[PDB]
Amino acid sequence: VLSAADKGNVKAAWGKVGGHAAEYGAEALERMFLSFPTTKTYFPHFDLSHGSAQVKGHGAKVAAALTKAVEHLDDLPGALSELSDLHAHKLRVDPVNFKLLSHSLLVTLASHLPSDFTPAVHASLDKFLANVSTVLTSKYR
């Protein structure tokens, strides 16, 4: 459950990501693939080489979805309904993988915004991502 405080923290931190969102997206993914190789089983037809256009392109879509999430913090389920449907009915990505991407994103953000990634913002992002994860797998069964 996102508190009022959490919502301000997420809006603020995401505000600082700004134009770099797509880039951080591509980097979180790349970090995910290296630290947790089992995640690669969902991208069998991807060129996963460092710098691939495919990973950059995917990184940008993930980032845009998150941006949309940040804008509708009071209606995550409505804002991400199409994506829940997609993950639930087509992609069928095992729920554990969401924690691996969340962590990778957290790692990315921390390295890029050292000064803004305070304990409180860290806690709020962690909760936001968990809530995004939950929404995305809510239609699985």
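Between two forms, the rigid core is defined as the largest C-alpha subset superposing within 1.5 Å. Each residue number is its position in the shown sequence, starting from 1.
>> Core-aligned, RMS over all structures and residues: is 26-34 or 85-93 the stretch with the greater C-alpha displacement in 9 other deposited structures of this protein?
In response: Most displaced of the pair in 9 other deposited structures of this protein: 85-93.
> Taking only the CA atoms, which stretch has the higher mean B-factor in the record, 60-68 or 110-118?
Replying inline: Result of the comparison: 110-118.
> Out of 73-81 and 91-99, which one has CA B-factors that are higher on average in the deposited record?
Replying inline: Of 91-99 and 73-81, the stretch with the higher C-alpha B-factor average is 73-81.
> Based on the entry's values, in what third of the chain does the Cα temperature factor of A53 lie: lowest, middle or highest?
Replying inline: As the PDB entry reports it, the C-alpha B-factor of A53 lands in the highest third of its chain.
> Among the modelled residues of its chain, does the C-alpha B-factor of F128 lie in the lowest, middle or highest third?
Replying inline: Lowest third - that is where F128 ends up once the chain's C-alpha B-factors are sorted.
> Mind checking which third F36 falls in for C-alpha B-factor across the chain?
Replying inline: Tercile = middle for this residue's CA B-factor.
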